[PDB]
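>>> Provide a 3D model corresponding to the input given below.
(chains A, B, C, D, E, F, G, H and I)
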Amino acid sequence: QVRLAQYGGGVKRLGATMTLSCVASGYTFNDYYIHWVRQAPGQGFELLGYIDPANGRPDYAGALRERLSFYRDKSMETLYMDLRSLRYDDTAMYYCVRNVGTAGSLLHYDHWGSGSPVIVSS
Amino acid sequence: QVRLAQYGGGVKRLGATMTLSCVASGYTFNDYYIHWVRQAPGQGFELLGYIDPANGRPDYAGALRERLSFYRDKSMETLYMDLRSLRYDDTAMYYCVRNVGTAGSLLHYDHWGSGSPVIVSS
Amino acid sequence: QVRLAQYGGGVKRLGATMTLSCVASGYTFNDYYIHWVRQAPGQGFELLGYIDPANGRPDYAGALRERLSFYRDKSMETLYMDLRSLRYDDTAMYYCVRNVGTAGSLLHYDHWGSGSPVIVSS
Amino acid sequence: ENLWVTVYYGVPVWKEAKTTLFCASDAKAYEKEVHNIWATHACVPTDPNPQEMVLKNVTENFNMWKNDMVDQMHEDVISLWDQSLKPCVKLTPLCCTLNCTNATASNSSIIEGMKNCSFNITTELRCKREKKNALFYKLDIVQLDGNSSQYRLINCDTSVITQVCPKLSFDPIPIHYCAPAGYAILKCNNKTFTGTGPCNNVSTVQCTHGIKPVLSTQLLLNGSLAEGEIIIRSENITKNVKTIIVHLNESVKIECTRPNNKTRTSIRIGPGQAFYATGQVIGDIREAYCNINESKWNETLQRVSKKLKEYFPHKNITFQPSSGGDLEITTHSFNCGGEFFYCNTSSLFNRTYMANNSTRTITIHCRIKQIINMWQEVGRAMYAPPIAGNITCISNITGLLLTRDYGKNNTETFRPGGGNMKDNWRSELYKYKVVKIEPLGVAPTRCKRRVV
Amino acid sequence: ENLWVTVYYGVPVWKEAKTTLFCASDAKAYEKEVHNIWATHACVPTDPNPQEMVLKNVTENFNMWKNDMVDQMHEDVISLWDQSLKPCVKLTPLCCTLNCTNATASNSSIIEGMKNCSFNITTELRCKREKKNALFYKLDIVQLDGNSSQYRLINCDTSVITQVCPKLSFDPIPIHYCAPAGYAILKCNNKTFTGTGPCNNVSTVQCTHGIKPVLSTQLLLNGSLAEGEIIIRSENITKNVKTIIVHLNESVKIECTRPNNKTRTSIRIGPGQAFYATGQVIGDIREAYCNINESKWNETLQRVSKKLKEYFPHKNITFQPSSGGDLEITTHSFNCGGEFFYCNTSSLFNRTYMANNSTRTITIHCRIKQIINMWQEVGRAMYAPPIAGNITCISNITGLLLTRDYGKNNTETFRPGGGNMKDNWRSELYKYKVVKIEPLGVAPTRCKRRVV
Amino acid sequence: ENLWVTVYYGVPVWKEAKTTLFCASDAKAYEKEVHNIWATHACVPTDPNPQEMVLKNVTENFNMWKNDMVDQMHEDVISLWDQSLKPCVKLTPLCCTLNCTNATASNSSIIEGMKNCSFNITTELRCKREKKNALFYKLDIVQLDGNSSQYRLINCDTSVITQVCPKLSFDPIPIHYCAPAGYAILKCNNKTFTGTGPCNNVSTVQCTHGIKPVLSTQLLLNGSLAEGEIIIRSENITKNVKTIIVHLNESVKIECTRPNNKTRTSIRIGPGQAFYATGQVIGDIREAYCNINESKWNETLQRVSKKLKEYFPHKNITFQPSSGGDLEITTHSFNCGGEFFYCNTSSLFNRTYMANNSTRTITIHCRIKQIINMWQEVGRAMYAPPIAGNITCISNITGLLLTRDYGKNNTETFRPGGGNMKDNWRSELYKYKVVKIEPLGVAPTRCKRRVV
Amino acid sequence: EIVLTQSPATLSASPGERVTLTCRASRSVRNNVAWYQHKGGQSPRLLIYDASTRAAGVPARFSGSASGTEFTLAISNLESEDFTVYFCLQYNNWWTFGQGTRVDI
Amino acid sequence: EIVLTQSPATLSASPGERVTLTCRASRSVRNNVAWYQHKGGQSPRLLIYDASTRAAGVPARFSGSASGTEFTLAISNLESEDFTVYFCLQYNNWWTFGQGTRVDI
Amino acid sequence: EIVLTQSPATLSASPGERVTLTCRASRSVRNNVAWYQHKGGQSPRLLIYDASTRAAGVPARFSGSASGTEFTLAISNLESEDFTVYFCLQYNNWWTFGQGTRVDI
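Numbers count the residues shown, from 1 in each chain, chains lettered A, B, ... in the order given. Here you go, the structure:
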């Protein structure tokens, strides 16, 4: 039923800005938060932040608050992640991931998108 | 809630014809009869006639049946009183007034419009 | 209430082709089979075939399967009978007739159209 | 002595209440498979015969003006007309400005009550426009400013216009009203009943007799007749009254015709639906008109005056035509066959009175109309397609909707009025009242219950 | 001697009646959150297991032709289709005249089953009129008069066309039917049952087994199988019959494909809605087609003849293709994946018989269509958006809808027919009957009640 | 010894369940004949006074997050908004590209938050193309590509726009919720209640107190006040939470104005259909703005921090403006009079804290908007007609919808949020729970029934 | 082809008499038989079907019955309406008509 | 034309006093009579109708009663609001007003 | 920032064996912990959440439990499917993952 397709993966020039993107289907787009998570090679997973698709509210990891931004084209069930000013260590696999929650609390993840690789070198 | 606004008041030339007007709001325009009533200075109130806004049926005081006419622009919740062939003694305050009634009988008045003064002299 | 009007009756040339026609009204056009029946002068009635107006399915008498065809302009509640290659003995009265049926079986006739005469001679 | 409470269930006792009555009908049309604008839309199966029970020794009040069910009759008739018009086509594409000229037929170099017109239309939707033409009775149309060849349909400024589908019929059917379980309907059978106060001969039914939902103004027609001599019903809070209903004990026949032949034409609106515009008028041109037995008319107004002076004991009574307002009240109006009529009744009502049958035949001029206001609402106007060919019609006058003038020295005066459709149903529902049974009675008795 | 009346409540006794059955379903799709045109629209929660009770020593009548619930199945399926199509977009802006030409595959002067077309469209209201293009299967389109480059969509003369929203699925789901309280459903379990007369092994349930609402004609598919050898069901008022249902004890597989790739395209209609027009065809072109095991087909028609001659004891039986009429009955038709198919079954039905597995594989030519009539109504029609890419499908033939020719000397003849959708549901609802319990029984007994 | 079963009917015992509550209201508006978007649409007659009964010696659980009736409040408010907007005019003919320029007034050679525009329309259907002009607050509008004189309404691309009819009012009314028969509503009266766990002072009612359906974001306003000192409500599954509700024991006044005069203009769309475009701005031009007592604001945030550090015992707390997203959450928003406001609250929330009245008056900049999404849906949007003249408004702040940042060393941080309308009703429905009575209790007793 | 024979071909009667018409089949047709009045130069009308059911609006003077391969129509009162042609029809297998019968003075 | 006479034409009073105004008709009007306050230069307001029913929102200090052809209005407390003109109206037959009455210091 | 430690980093096993993986937190996370299978080069899948609830469609061979700051994942039968990477995740405070664990022959 549900999917999180992805695009935007590829080689990126040193110090450039990129927009990655994620496309949802098969579920009520307002009901679930989306988290952006990554894995550098040889490292455990890491959280960049999350976005509420319904109102577009973002929230960010304290290390990356200056560099990231999130937005959604709500009619298209589609999300975008900007990362400004890339560095060599941003070289990683990037996923959009769906997060379950009650009306009160956000909880575990229940579905992972296809993943986009990114390589930072000119 | 309800109103009866009025216009058309002012100086009128001797022997001329005038249309006064009354604008309703805030209630079901078909349900209440409208009466046209006046007061000459130093005289008690006097009835000119009444109109059913729903079908436009008029009725007149026997003294003025030749001179008066009534009509309504029903989509505008708006009534008009013509008085033809003015004389000095028509100089008065004129009101449109709302009349309560059951399905059987017309009764007392429950709301008076803002009043229009008229002065008959060239 | 119901009718079966008819047209197309008249003199026809020897060996020609004709379309007769029948127009229904006053009942649910999908619910009843229509039969085409004729009477040559001095002969008992004879069945040509029947058509289901709903899907346009026909069935024909074994003597005339080569020569007949039936069709309907369904939005016009209107039926047409082609008879190809006329012969002198086709000279007859022709009727469209309504046939009652349950969901299972087709039964007696309950209404006859106005009748169209046809004369086969040049 | 030695008395205790007891409860009786099912005790026959009642009080008046507002309650939702059932619509009831003959189970399909007049017990037939025909398509009719009332009975084809639900309204349940036939009452084969109302099981009327006459109550012994009951005195009970009735009030036809303050009545709890007339409103439901009004709402239900509105509802059936809405539910039946809703699927039919909106004429909205037609509403832009018409070009028009004098209408004509062979050996009729004018037809006077009418205009010929041509207009832009969109024959298949959202592509190339086309010019089409038709003629209209002049009352359907307004002329835009100046000397002006330019005209518009009278209502489509203010309101949507729906064409009634030619599949339907305007014919009335005898509707019945029935109580839900635990309510009951009372008739009042006193043959002199004025519509208010006590009745002394009373009966109950699960349902009313039939009522025919006839749209009409000035004249009550195809209704019931009064059992006595002529009955005059009014409110009695004040001498001022909105309407007086006069109910006859003898029907007066009226006959009417639209003798000209109509050529219906079909103009496509879009998918499947067509505007049945009015094409060429055919035959030797006449007005629409109606006829009445003048002997019976004179006797009827004599009898009406002879009763009406019992309410108004001073010397002079007089009748006059309408004072002013819309066609719908300023004329008698009705819907013979499938088109709407408006008749200048002034020749019927020029009469006077004071203290102490096919001859002279009255005939009256009528205009006819395709664009109609209904229930006196704005916003929701109706278009009648033309009835093809020519039309004859007969109906029974049964009562007059009068209203009364300013009172002046020794002289009452009356004219035709009403027009607010509620008064038609109140002119026949005046019999009934609805009550709820309150079956849980209690009383003293010479008993007590055992404790064991 | 010494007998008196007594009442027993709850007595197990019944009579046949028309009654409103519940729609029942698996509680969300196939017990899943997917969007499907049946179970996503209401129809209540799952029956976990029907509590079938076998009745001892009951003999009871059944009549599948005169049945009281087949009509409700027909209305309910229509209702779900109406309720689900109503919110989807009307193609009303598209209907006016197309310009068209021969369509082309890659490497090719042509593609044969289709026509390329271009058309005026309005897009966002009172922005510029604009030109767009698409190709259609030829059967969706009529050529306007003359040698003519001019064409129109086949239905939109008569009707509104609604595009079914690509969010939905045409897939059947196993619907159940259930009795309201105080009604009961009886199955008839006799494994030889012909659909009429008495049954001698009977059971009751609160609900039916699952039924799949498969739209099909000529061939009953993805249905149940008969428990005996092949059963032939007919009416028996007359030798004249509308349909004969043949119900197989063994499924015959059929496989089908639309192997060409379809390029979906999006054309904006208005403030949220896209017309999913059909763009360029991709890949090495084939027809749509279907395949059958010819051994199994030959055995099936041998078995069918070998039973059918028990009803018709004279010397010869024969099968033929359709006589004439619409595609919907003149061909086998079904809705694999999400597009509609029409197959020239003439090669299946050329067979003859008389008194006294992946080899030879049958394959059949099919056309495919986007504009569809449903339930044999007019004035409303469905547009199917193209399924992108290419499609494969498998299904089980389970029965034949035959009809019989004019009877002639020593020779019956049959051809595919049916097409009136009621016969599909009657081809599976033939088991059930619905009854009302009448629990208030009375009888004599050897007792009287005490007065104290 | 010697015990047997007995049944007691009507036993007071209950369990929690989902159940359909009644909408209840003052019987017509505020007990008046005015037209208001809530109480004029059904929702039954007044509760004159809720018959609260305090339960002796009951300990009972409540859970405001998992609550069974908040969803029904959300659906019911949406339903009333749908049912009331449905008859009003769709602005669809307005939706095509506009030419636009800088807007102005006398002695105001700019009005800065705004654009003047002109557009193609048809004044009557199928009459000639016509040009009309109006000005729009810039947030209602998008600019098409390039340096571009070309603009469009922000939503008519994606969605249908309905103008709310000027007859209505956006004013809240005190709605009540009531149990159907056999359900009961429990309040939890403990004056310190955090929204989860047991309560020890409990009462029952047939209906809730009044609730005002105020649309707002960031700030809860015109609500109830907490009975203790300030209460902070959160979920407690995890430190991660979607919203924190802060409920004040003391209202803080906020005052607001739209001081510019508005010239309403009427542009026709069709039969009885008029679009109230925004015509010339009049008077000495200002922004919309709001004012607050800075003493009370400082005390309130001091008190909030002084409670909030009880949940978060480590040293530092901080407040900040919104992070990003739509105007609807990135600003405080509310609907004073009959237009919608959006205020840059950053000057309210720059504050910090750590371990151990008409003076300084705060005033805040606000923009205002005519095109509105509701309930965070898409595909439907509301156009607010301009309120003519100029507007003043006063309301009571009663609580804050906070959300919390990433946790970092010795430092919590919070900002305004919420915006998902469910949290507003959950910020007042936190009291109630609904239960079903299960009255058929059974127990042992020292009795047996006689056989005779 | 199932044959129908009517008898007599022409039936001699007087007004107000009771009169009987007969039809026979070449083999069984169950009761699947109907009778029609054929007024001169006009569309026929249904009288009776299933050899016995008088149709709606048909005059009560008409009646009918069956025995094996034989079918009977009767009229209680001849009239100028009914000195006319009538035919039997069978719908058991295919459809076929009798040669018709005339009733005259 | 049914005449109404009010009496007195002008009524002398002091604030906080109870005060009574009278109206008479040339013949019976049943109870179909009403009373209005007329503030100077302004649209009048309804006080009482059917000689006795105080209208909605009217101050409780107003009251009224009837006997035959005579009608009475009373006020429990005079005020600067109420040192003003008042008139009786009848709606039994035709409508007609009294000459009005002024209450002053 | 709540740390998760997995142990072992790599786990030696044979097919059809029961196998156990461990995760510990730098402080309490209640039961708000989940486990995921990570097949090579593919989107991960949920196994268990709230340290104990097996998710829908997950193989019954997976199970899990908790004690204080420590969390345990178990598998009843190793297979070529399951000689793969797995990770623990906590969602009590902020989100953070373990370094992952590989199961191999």
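>>> what's the distance between the residue in chain G that chain F sits nearest to and chain D?
Residue nearest to chain F within chain G: residue G:56 (46.8 Å; CB to the nearest CB). Every residue, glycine included, has its C-beta placed from N, CA and C. Between residue G:56 and chain D the computed distance is 11 Å (CB to the nearest CB, to the nearest Å).
>>> burial measure for that residue, as a count.
The tally of other residues near residue G:56 (other CB atoms under 10 Å in any protein chain shown) stands at 7.
>>> the one 3 residues further on too?
Close neighbours of residue G:59, defined as other CB under 10 Å, add up to 14.
>>> quick one: contacts for the residue of chain G closest to chain F?
Residue G:56 makes contact with no residue, according to CB atoms under 8 Å, 6 or more residues apart in numbering or on different chains.
>>> secondary structure element for the nearest residue to residue G:95 once chain neighbours are set aside?
Once flanking residues are discounted, residue G:95 sits nearest to residue C:47: 4.9 Å by CB to CB, 6 or more residues apart in numbering or on different chains. Residue C:47 is part of strand C:46-51, with elements assigned from DSSP states H and E.
>>> show me how far the strand or helix carrying residue D:394 is from its chain's centre.
Element membership of residue D:394 [criterion: DSSP H and E] is strand D:389-404. Here the centre of strand D:389-404 is set off from its chain's centre by 10 Å, with CA atoms, centre = their mean, to the nearest Å.
>>> which SS class is the closest residue to residue D:394 other than its chain neighbours?
Once flanking residues are discounted, residue D:394 sits nearest to residue D:255: 5.0 Å by CB to CB, 6+ apart. Per DSSP: H, G, I helix; E, B strand; the rest coil, the local secondary structure of residue D:255 is strand.
>>> what is the burial count for residue D:255?
By other CB under 10 Å, 16 other residues sit near residue D:255.
>>> surely it meets residue D:396?
No. With contacts counted by CB atoms under 8 Å, residue D:255 stays clear of residue D:396, the gap being 10.6 Å.
>>> buried ones in the strand holding residue D:394?
D:391, D:393, D:395, D:397, D:398, D:399, D:400, D:401, D:402, D:403, D:404 (16 or more other CB atoms under 10 Å in any protein chain shown).
>>> and which of these is nearest to residue F:262?
Closest approach to residue F:262 among these (CB to CB): residue D:403, at 46.2 Å.
>>> for residue A:22, give the beta-bridge partners.
residue A:6, residue A:79 (DSSP bridges).
>>> kindly report the same for residue D:203.
residue D:54.
>>> which residues touch it?
Contacts for residue D:203 were tallied using CB under 8 Å, 6+ apart; they are D:52, D:53, D:54, D:55, D:186, D:187, D:189.
>>> roughly how far does it sit from chain G?
Distance from residue D:203 to chain G, by CB to the nearest CB: 35 Å.
>>> what do you get for residue D:431?
35 Å.
>>> wait, doesn't that residue sit right on residue D:188?
Yes. With contacts counted by CB under 8 Å, residue D:431 reaches residue D:188, the gap being 5.7 Å.
>>> pick out the residue in chain A sitting closest to chain E.
For chain A, CB to the nearest CB, closest residue to chain E: residue A:1, 5.8 Å.
>>> and that residue, what does it touch?
Contacts of residue A:1 (CB under 8 Å, 6+ apart): A:26, A:27, E:32, E:33, E:34.
>>> does the longest helix anywhere in chain D come close to chain H?
Longest helix of chain D, by residue count under DSSP state H: helix D:294-311. No. Using CB under 8 Å from any CB of the partner chain, helix D:294-311 stays clear of chain H, coming no nearer than 13.1 Å.
>>> and the contacts of that helix?
Under CB under 8 Å, 6+ apart, the answer for helix D:294-311 is D:229-232, D:234, D:246, D:248, D:250, D:252-253, D:317, D:319, D:348, D:351, D:353, D:355, D:357, D:359-362, D:400, D:412, D:414.
>>> give me that answer again for 6 Å
For helix D:294-311, the external contacting residues (CB atoms under 6 Å, 6 or more residues apart in numbering or on different chains) are D:230, D:232, D:246, D:252, D:317, D:351, D:353, D:357, D:360, D:361, D:362.
>>> these: which two are farthest apart?
Using CB to CB for every pair in the contacts of helix D:294-311, the one that comes out farthest apart is D:232 and D:361, at 27.4 Å.
>>> neighbour count winner among these two?
Neighbour count, other CB under 10 Å: between residue D:232 and residue D:361, residue D:232 has more, with 20 against 13.
>>> in chain G, which spans are strands?
Listed in chain order, the strands found in chain G under DSSP state E are G:4-7, G:10-12, G:19-25, G:33-38, G:45-49, G:53-54, G:62-67, G:70-75, G:85-90, G:96-97, G:101-104.
>>> strand partners (parallel or antiparallel) of the first one?
Strand G:4-7 has its sheet partners listed here by DSSP bridges as strand G:19-25 (antiparallel).
>>> distance from the partner strand to the middle of the chain?
Using CA atoms, centre = their mean, the offset of strand G:19-25 from its chain centre is 7 Å.
>>> which of the contacts of residue D:203 are buried, as a ChimeraX select command?
To isolate the buried members of these in ChimeraX, using 16+ other CB under 10 Å:
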select /D:186,187,189
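>>> please name the nearest non-neighbouring residue to the residue of the stretch 1-150 of chain D found nearest chain C.
Taking CB to the nearest CB, chain C has its nearest neighbour within the stretch 1-150 of chain D at residue D:34, 5.8 Å off. If the residues on either side of it in the chain are set aside, residue D:34 comes closest to residue C:1, at 5.8 Å by CB to CB, 6+ apart.
>>> just say helix, strand or coil for the residue of the stretch 1-150 of chain D closest to chain C.
From three-state DSSP, the assignment for residue D:34 is coil.
>>> residues contacting residue G:37?
Applying CB under 6 Å, 6+ apart, the residues near residue G:37 are G:45, G:47, G:86.
>>> now which of those residues would you call buried?
By 16+ other CB under 10 Å, the contacts of residue G:37 give G:47, G:86 as buried.
>>> with distance to residue I:91 added, can I get the contacts of residue G:37 in JSON lines?
As requested, the contacts of residue G:37 are exported to JSON lines (distance: CB to CB, whole Å):
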{"residue": "G:45", "distance to residue I:91": "85"}
{"residue": "G:47", "distance to residue I:91": "86"}
{"residue": "G:86", "distance to residue I:91": "92"}
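>>> and residue A:31, which helix or strand is it part of?
Using DSSP H and E, no helix or strand contains residue A:31.
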